[PDB]
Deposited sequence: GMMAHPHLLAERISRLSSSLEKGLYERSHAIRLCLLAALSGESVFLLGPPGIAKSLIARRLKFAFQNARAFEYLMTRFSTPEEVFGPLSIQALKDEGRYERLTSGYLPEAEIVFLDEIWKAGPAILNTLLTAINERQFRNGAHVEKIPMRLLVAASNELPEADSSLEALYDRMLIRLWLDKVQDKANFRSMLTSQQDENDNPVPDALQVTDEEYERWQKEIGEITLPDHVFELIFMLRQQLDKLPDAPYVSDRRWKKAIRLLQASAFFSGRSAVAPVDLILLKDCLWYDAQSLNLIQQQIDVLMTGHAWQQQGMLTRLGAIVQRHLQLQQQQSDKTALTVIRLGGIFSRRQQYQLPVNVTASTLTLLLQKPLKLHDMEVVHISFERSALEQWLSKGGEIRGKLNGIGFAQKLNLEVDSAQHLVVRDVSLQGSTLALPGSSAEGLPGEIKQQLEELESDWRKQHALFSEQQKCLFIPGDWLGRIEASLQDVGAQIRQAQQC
């Protein structure tokens, strides 16, 4: 039933989107805002359908009056809210469900103040008595952002969603928009889809009942702390956070869920920035949160390395079972030449464990990886041989010698020797742990795919998450070989 809802909202949004190019997200967000009692600020140059998409949204509702107004510096509350005879509000802001106000940052202090009470109190001072405004969606537009310490910032910071728009970029889209016979002022929404007053009011109550899971909160709180520590990060007030949380709830509700999901958190990318520099910072931070923490990605990778560590540890604990017998090569040469095993060892770079781990280059080393090519020439021509300690870092020079028993022995600064062994020809402890992790990964991936079907999230983000989960899965599958 709420799953028929996700179907309906999607179908509703689809129709509202007809004839509009490169504005999909913007329409879904304004719909989400309109259905959740939030407001949205549209930033961009003139003639890019900012007003149009605002007028479009009145067609989401059966009974919905729209109010449009362009702010001038000489604009008075009489023009915006109605002139008093007590006040004549018919055809003005005080009785419209969708209000669009263009060129917002030039509203005077008198308008500014009565707007702030309009957004907060959903009330209006009608001379004598105060009356509740039916305003469901407010949308404000401008080509610029308000001044640094402006009066208007209080208004800006009271408008949850921020969208930065531009002229159509795709050549094909330009042509389609250019030749579109779509009457832009006609109702494109089928009667059945339009939301009723009875529905609107019920949903307002139900959105508040959507739960906020522990992991979801932890992520939000993590980001709040993260932003705080970064000096460039925009200041996000508690007011902003609370209003952002309702949008998150609304997203979930209209996506057929009873709980805010980690995917809903992407929407914060449309709430937390106030300028250009802060937009980039927000996007990066949320991206890091989404690809790293939201589906336990980095947490599973830190578990993975812990297992791979144990695997190596068990590999060197069973390194008595193996040594490495270098085969003598005869012929006619000046040195006692040596040879690697014909095809037994053919790995381009092979790693060798040591029976007695040694302190080499101020660290204890359990395994040394050689470029097989470099080990060849040293076994033949002698000289000096390098090898990356514990597989990592630079190829360090080594005190290596061919043993009488035909083994390879590394020495430390105490001249302590250690025989080198090749890895085993998968232990039960590792198989158990690595299967638990794979199960956990599958459960994570399952959760993501079962929730990525979310109207209010742009496709590109979902791509990045899916990739980040594939990365972990690939790393674990390579670990079980």
Next item on the list: Would you list the gaps, meaning deposited-sequence stretches without C-alpha coordinates, in the order they occur?
Entry: 1-4, 90-99, 440-443, 500
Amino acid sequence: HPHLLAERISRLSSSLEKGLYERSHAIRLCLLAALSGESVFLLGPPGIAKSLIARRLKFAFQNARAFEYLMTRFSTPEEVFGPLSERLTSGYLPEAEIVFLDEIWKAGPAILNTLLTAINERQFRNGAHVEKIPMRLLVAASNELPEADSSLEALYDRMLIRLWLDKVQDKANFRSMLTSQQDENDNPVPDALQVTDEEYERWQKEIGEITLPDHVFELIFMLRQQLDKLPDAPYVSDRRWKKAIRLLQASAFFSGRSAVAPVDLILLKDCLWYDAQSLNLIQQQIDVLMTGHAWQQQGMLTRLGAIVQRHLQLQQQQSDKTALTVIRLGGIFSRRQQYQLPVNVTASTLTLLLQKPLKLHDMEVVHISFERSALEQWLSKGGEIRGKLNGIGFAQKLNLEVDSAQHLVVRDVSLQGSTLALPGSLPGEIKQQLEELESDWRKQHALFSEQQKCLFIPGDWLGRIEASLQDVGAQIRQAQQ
From here on, numbers count along this sequence of modelled residues.
Next item on the list: Pick between 129-137 and 68-76: the one whose mean CA B-factor in the entry is higher.
Entry: 129-137
Notebook entry, point to check: Taking only the CA atoms, which stretch has the higher mean B-factor in the record, 426-434 or 39-47?
Noted result: 426-434
Item checked: Maximum C-alpha temperature factor, selected from 101, 112, 289, 379 -> 379
Check: Per the coordinate record, which of the options 185, 251, 180, 258 holds the highest CA temperature factor?
Finding: 185
Next item on the list: Quick one: classify residue 389 as lowest, middle or highest third of the chain based on its Cα B-factor.
Entry: middle
Next item on the list: Sort the modelled residues of this chain by their C-alpha B factor and say whether residue 316 lands in the lowest, middle or highest third.
Entry: highest
Checklist line | Position of residue 217 among the chain's modelled residues by C-alpha B-factor, lowest, middle or highest third | finding: lowest
Item checked: Third of the chain, ranked by Cα B-factor, where residue 87 sits -> highest
Check: Against its chain's modelled residues, does residue 262's Cα B factor rank lowest, middle or highest third?
Finding: lowest
